[PDB]
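K.L.:
This is the structure, below, for whatever I ask next.
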Amino acid sequence: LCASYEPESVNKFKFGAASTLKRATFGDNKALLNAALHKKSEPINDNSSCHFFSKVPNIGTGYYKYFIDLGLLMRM
Amino acid sequence: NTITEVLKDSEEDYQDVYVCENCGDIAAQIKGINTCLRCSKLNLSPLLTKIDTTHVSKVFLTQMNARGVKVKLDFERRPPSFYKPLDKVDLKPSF
Amino acid sequence: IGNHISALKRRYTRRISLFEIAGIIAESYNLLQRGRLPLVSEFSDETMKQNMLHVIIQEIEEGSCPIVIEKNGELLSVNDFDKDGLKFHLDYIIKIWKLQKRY
Amino acid sequence: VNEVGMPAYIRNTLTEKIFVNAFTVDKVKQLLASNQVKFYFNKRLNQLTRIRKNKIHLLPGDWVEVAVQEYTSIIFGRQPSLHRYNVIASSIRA
Amino acid sequence: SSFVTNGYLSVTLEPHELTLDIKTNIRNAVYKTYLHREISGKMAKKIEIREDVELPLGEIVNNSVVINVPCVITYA
Amino acid sequence: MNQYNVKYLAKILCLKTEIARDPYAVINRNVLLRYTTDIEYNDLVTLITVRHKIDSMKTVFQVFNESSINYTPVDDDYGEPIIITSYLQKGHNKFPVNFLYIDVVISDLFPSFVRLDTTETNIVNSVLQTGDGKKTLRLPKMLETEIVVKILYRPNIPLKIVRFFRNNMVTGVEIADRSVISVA
DNA sequence: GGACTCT
DNA sequence: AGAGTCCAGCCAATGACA
RNA sequence: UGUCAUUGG
Ligand SMILES: [Zn+2]
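Set out below in structure tokens:
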């Protein structure tokens, strides 16, 4: 609540950088309209935005990106 | 991964859906060719990216388009990354 | 001194927890379940006569696990982490898998 | 505390997935020969088929769905889910 | 117009294609998704898979692998 | 400015004197055990004499109202007039009237803070680096029009990070950092 | 019924 | 100082009715 | 396909 320069309540998003899908999932009916007015371009890094686009959240095992090293398969 | 597989649509209900990177809506297959009608009427030929989202996500985006809000998705053309070997690290204390 | 802090944080990157080893095991198990080639030594038909979790753990301790995890801007194999941490978490995972009758 | 008892109507209705690969192709062929397979998903044609003899070719990536067996992890819970110990995942017992 | 460059082509492999027949599947994927197709003005005619440089790490998605293959690309 | 809200300002000016003799000191109410004030109150200018106990160094502050400012430097002066303004203004010597309604330095809610030197600032900036490329974490924010930033002010040392020593019921003291952002 | 905002 | 606007736990189960 | 009534944890 005191992560910005002023105490912020649990009802609104005033200073914290919250995405439009986070504000719409929290409950704000004019969130996408205000994002369309101000032409907002937001990255998808939160749970409410990851569940919309069927992305794995950045929580727990989804905190890391996983690759496969095809070197040992191509070597033999 | 558990909550991802729960909240997303079933693996049996999969179909190749393409989205337009310029205007944001679902591409169409006219007679085998993935086209965007809005951009072929506007004399463009933009990128079409395959997406794997839920059907309710597409219904929500199309209804927000019907309200007038254009929703345009951008995709990660990530630079190709290479695994390099790392040195040995021992985290045991020294007594 | 900023180089010293960067070295300390690069040494801190080698810590492994249950989330990282569970994600590595889940990625390799999902890839092996859909038909990827098991990258174990002594490849035979007998290796397709045992269960797949034994193959995953053998790939982990043999150093031939194909999964690379991106953590703190670095790319780590499962053998780039602390060996005692990998052993500490795999002992617990093998214990609870033996309670579940799947290992 | 690591287990949960499942009634017979649930495990007679609920199904579990067995993927087709190099490890489980003999078990899937044995379960298809004994009519224990309920569903079959063909991933390359991307379609599900309910088995009520037809022709099914088992490629890696396809799966079958049979009755759910013991020591399978079910995710069970009570409502309201006030904290994370409400929704756990333990092993099915008959 | 028509020229020859050194680029990357990003394709998707299924996990059953990560066998000992892997580069045949990579060649078939590159030839089906990128050969004889117009992608934003440029149109590659015949593509040769460059196989003297390190293969990059394969990024894992929900059920597939996304690899960026280095290639000699003849555009037209 | 009245005869009551000048003693609280005198307690503030002990901390300003401590910062003026050492910019990297830890400021809390315990600093008040090392100083001694003497107040000469008048409705035009109030003279506050802060004396260091062991070093016998004197500093005379001249406290004015915002309207009537008649500032000429006395000997052993601070070098800048202390102005009691009506509202919160930008300036290290301009204290608003709301800051002096109560005794603020002796309170339990008065923080414990330092200005970081270049070594500790470099350590904090390299800790905040996420390791991936040039990306960086941010510290939580704090406005420049705050009594901590007014106390910690030095004329040619820009104050960017303030380290706070929080009270902690289970660990004693906790370390936090705020970043000072600009106003007007 | 009750809290935030514009008037 | 006073009206507008939005907000009021989760998951159920039957029956009647439009 | 939604309302109303009654009930459960
Ligand atoms: Zn278009």
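Chains as they are written, first to last, in the authors' numbering: chain A, 1189 to 1264; chain B, 1068 to 1162; chain C, 62 to 164; chain D, 298 to 349, 355 to 396; chain E, 2 to 77; chain F, 1 to 184. Ideal Cβ positions, reconstructed from N, Cα and C, are used throughout, including at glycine.
#1: Do you know offhand how far C:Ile62's Cα is from F:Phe165's?
#2: According to DSSP, is E:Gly8 helix, strand or coil?
#3: For F:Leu116, which option in F:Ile27, F:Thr85, F:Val6, F:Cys14 has the closest C-alpha, if you only look at C-alpha atoms?
#4: Tell me whether F:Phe64 sits in a helix, a strand or coil according to DSSP, three-state version.
#5: Under a criterion of Cβ closer than 6 Å to any non-hydrogen atom of ligand 1, which residues qualify, in chain order?
#6: What's the C-alpha gap between C:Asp145 and C:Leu151?
#7: Which stretch, first to last residue, makes up the alpha helix (DSSP H) that contains F:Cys14?
#8: Can you name the residues of chain B whose CB is closer than 9 Å to the CB of C:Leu136?
#9: Taking only three categories from DSSP, how would you classify E:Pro16?
#10: Find the residues of chain D that neighbour B:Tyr1081, judging by a C-beta separation of less than 8 Å, and give them in chain order.
#11: Distance cutoff 7 Å, beta carbons only. Does C:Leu98 sit that close to anything in chain E?
#12: For a contact meaning CB atoms closer than 8 Å, what does D:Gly363 contact in chain E?
#13: If you pair each beta-carbon of the stretch 66-77 of chain E with each one of the stretch 45-58 of chain E, do three or more pairs fall below 8 Å?
#14: Output needed for D:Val301: all residues of its chain with C-beta closer than 8 Å, excluding positions within five of it in sequence on either side, in chain order.
#15: Taking the alpha helix (DSSP H) that E:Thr25 belongs to, which residues open and close that run?
#16: Using a C-beta cutoff of 7 Å, does C:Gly84 count as contacting chain F?
#17: Straight-line CA distance for F:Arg29 to C:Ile130?
#18: With a 10 Å radius around its C-beta and 16 neighbouring C-beta atoms as the bar for buried, classify F:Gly79 as buried or exposed.
#19: So C:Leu147 contacts chain D; which residues on that side make the cut at Cβ distance below 9 Å?
#20: Run through the stretch 74-118 of chain C for me and flag every whole alpha helix (DSSP H) of 4 or more residues, listed as ranges in chain order.
#21: Please compile the residues from chain E whose C-beta is within a distance smaller than 9 Å of the C-beta of C:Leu92.
#22: For F:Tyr101, collect the residues of the same chain with a Cβ closer than 8 Å to its Cβ; drop the 5 residues on either side in sequence, then sort them by chain order.
#23: Answer yes or no: the CB of B:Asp1076 versus the heavy atoms of ligand 3, is any distance below 6 Å?
#24: Out of F:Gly131, F:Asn42, F:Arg34, F:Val63, state which residue places its alpha-carbon closest to the alpha-carbon of F:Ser56.
#25: Determine contact between the stretch 330-339 of chain D and the stretch 355-369 of chain D, defined as no fewer than three beta-carbon pairs at a distance below 8 Å.
#26: Comparing C-alpha positions only, which one of F:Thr49, F:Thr72, F:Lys94, F:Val173 sits nearest to F:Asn65?
#27: Spell out the partners DSSP gives F:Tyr153 in its beta bridges.
#28: Hey, would you say B:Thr1071 sits closer than 7 Å to A:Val1244, going by beta carbons?
#29: Using beta carbons (cut-off 7 Å, strictly below), is F:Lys141 in contact with chain A?
#30: Looking only at its own chain, which residues have a Cβ that is under 7 Å from the Cβ of F:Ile69, when we skip the five neighbours before and after it?
#31: Measuring alpha carbon to alpha carbon, tell me which of F:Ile12, F:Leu152, F:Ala25 ends up nearest F:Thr49.
#32: Smallest Cα separation from D:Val322: which of C:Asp106, C:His115, C:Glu135, C:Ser102?
#33: Find the nearest neighbour of F:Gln89 within the set F:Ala10, F:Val149, F:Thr46, judged by alpha-carbon distance.
#34: Give me the Cα-Cα distance between F:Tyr41 and A:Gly1204, rounded to the nearest whole angstrom.
P.N.:
Let me lay it out:
#1: The sequence position of residue 62 of chain C within the third sequence is 1, counting from 1. The sequence position of residue 165 of chain F within the sixth sequence is 165, counting from 1. Going from the Cα of C:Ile62 to the Cα of F:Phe165 covers about 23 Å.
#2: Locating residue 8 of chain E in the fifth sequence gives position 7, where the first residue counts as 1. DSSP places E:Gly8 in strand when its eight states are reduced to three.
#3: By 1-based counting over the sixth sequence, the position of residue 116 of chain F is 116. Nearest of F:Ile27, F:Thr85, F:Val6, F:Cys14 to F:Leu116, Cα basis: F:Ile27.
#4: Residue 64 of chain F sits at position 64 when you count from the first residue of the sixth sequence. DSSP places F:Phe64 in strand when its eight states are reduced to three.
#5: B:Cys1087, B:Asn1089, B:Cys1090, B:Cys1103, B:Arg1105, B:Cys1106, B:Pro1113
#6: Taking the first residue of the third sequence as position 1, residue 145 of chain C is located at position 84. Taking the first residue of the third sequence as position 1, residue 151 of chain C is located at position 90. Going from the Cα of C:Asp145 to the Cα of C:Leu151 covers about 10 Å.
#7: Taking the first residue of the sixth sequence as 1, we reach residue 14 of chain F at position 14. Element bounds for F:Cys14: 5-21.
#8: Stepping through the third sequence from its first residue, residue 136 of chain C is reached at position 75. Correct list: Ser1148, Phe1149, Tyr1150, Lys1151, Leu1153.
#9: In the fifth sequence, the residue the question calls residue 16 of chain E occupies position 15. Three-state result, E:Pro16: helix.
#10: Within the second sequence, numbered from 1, the residue matching residue 1081 of chain B stands at position 14. Going along chain D in sequence order, the residues near B:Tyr1081 (Cβ under 8 Å) are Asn343.
#11: For the purposes of this step, residue 98 of chain C is taken as residue 37 along the third sequence, with counting starting at 1. Yes, C:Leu98 counts as interfacial toward chain E.
#12: Here residue 363 of chain D corresponds to residue number 61 of the fourth sequence, with the count starting at 1. Neighbours of D:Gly363 on chain E, chain order: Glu15, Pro16, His17.
#13: yes
#14: By 1-based counting over the fourth sequence, the position of residue 301 of chain D is 4. Closer than 8 Å at the Cβ level, and outside the excluded window around D:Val301, lie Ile376, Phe378, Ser392, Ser393, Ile394, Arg395.
#15: Along the fifth sequence, one-based indexing puts residue 25 of chain E at 24. Here the alpha helix (DSSP H) through E:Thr25 covers 23-34.
#16: The count along the third sequence starts at 1 and reaches residue 84 of chain C at position 23. Answer no: the Cβ-Cβ gap between C:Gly84 and chain F never drops below 7 Å.
#17: Here residue 29 of chain F refers to the residue found at position 29 of the sixth sequence. Here residue 130 of chain C refers to the residue found at position 69 of the third sequence. Going from the Cα of F:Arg29 to the Cα of C:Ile130 covers about 50 Å.
#18: By 1-based counting over the sixth sequence, the position of residue 79 of chain F is 79. When all chains shown are included, F:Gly79 counts as exposed.
#19: Walking along the third sequence from the start, residue 147 of chain C turns up at place 86. Near C:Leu147 there are no residues of chain D at all, since even the closest Cβ is about 24 Å away, more than 9 Å.
#20: 79-94
#21: Position 31 of the third sequence holds residue 92 of chain C. Simply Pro16, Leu19, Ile61, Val66.
#22: In the sixth sequence, the residue the question calls residue 101 of chain F occupies position 101. The residues are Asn5.
#23: Within the structure as shown, ligand 3 is missing, the only ligands being ligand 1.
#24: On the sixth sequence, residue 56 of chain F is found 56 positions in, with the first residue counted as 1. Nearest of F:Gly131, F:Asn42, F:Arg34, F:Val63 to F:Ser56, Cα basis: F:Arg34.
#25: yes
#26: Within the sixth sequence, numbered from 1, the residue matching residue 65 of chain F stands at position 65. Among F:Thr49, F:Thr72, F:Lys94, F:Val173, the Cα nearest to that of F:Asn65 belongs to F:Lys94.
#27: Mapped onto the sixth sequence, residue 153 of chain F falls at position 153. None, per the DSSP bridge assignment.
#28: Counted from its first residue, the second sequence places residue 1071 of chain B at position 4. Counted from its first residue, the first sequence places residue 1244 of chain A at position 56. In this structure, A:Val1244 lies closer than 7 Å to B:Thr1071 by Cβ.
#29: The count along the sixth sequence starts at 1 and reaches residue 141 of chain F at position 141. So yes, F:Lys141 belongs to the interface.
#30: Sequence index remark: in the sixth sequence, residue 69 of chain F carries index 69 (1-based). Same-chain partners within the cutoff: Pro81, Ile83.
#31: Reading the sixth sequence from its first residue, position 49 is the one you call residue 49 of chain F. It is F:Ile12 whose Cα lies nearest to the Cα of F:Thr49.
#32: Indexing the fourth sequence from 1 puts residue 322 of chain D at position 25. Of the candidates C:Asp106, C:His115, C:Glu135, C:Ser102, the one whose C-alpha sits nearest the C-alpha of D:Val322 is C:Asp106.
#33: Residue mapping note: residue 89 of chain F aligns to position 89 of the sixth sequence, counting from 1. Of F:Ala10, F:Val149, F:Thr46, the residue nearest in Cα terms is F:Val149.
#34: As a working mapping, residue 41 of chain F is identified with position 41 in the sixth sequence. As a working mapping, residue 1204 of chain A is identified with position 16 in the first sequence. Spanning the two alpha carbons is a distance of roughly 46 Å.
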